[PDB]
Amino acid sequence: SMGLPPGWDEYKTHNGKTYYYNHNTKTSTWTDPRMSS
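Residues in the sequence shown are numbered from 1 upward in steps of one, following the entry's author numbering.
In structure tokens:
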């Protein structure tokens, strides 16, 4: 219920890292956006 921001989504890359990406500022990382990245 309303997890990551309206621009932060979770997806697993090749190896399978659930990387979160921001389509509002183009931010690609594996760290949770809810915490700090």
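The C-beta atom is built at its ideal place from N, Cα and C for all residues, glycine as well.
- A check of alpha carbon separations from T31 across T18, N24, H23, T25 identifies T18 as the nearest.
- Within 10 angstroms of the beta-carbon of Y20 lie 16 or more other beta-carbons, which makes it buried.
- Assigned with DSSP and collapsed to three states, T25 falls in coil, not helix or strand.
- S37 and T25 do not touch by the CB rule: their CB atoms are close to 12 Å apart, not below 8 Å.
- When C-alpha distances from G7 are compared across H23, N15, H14, the shortest belongs to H23.
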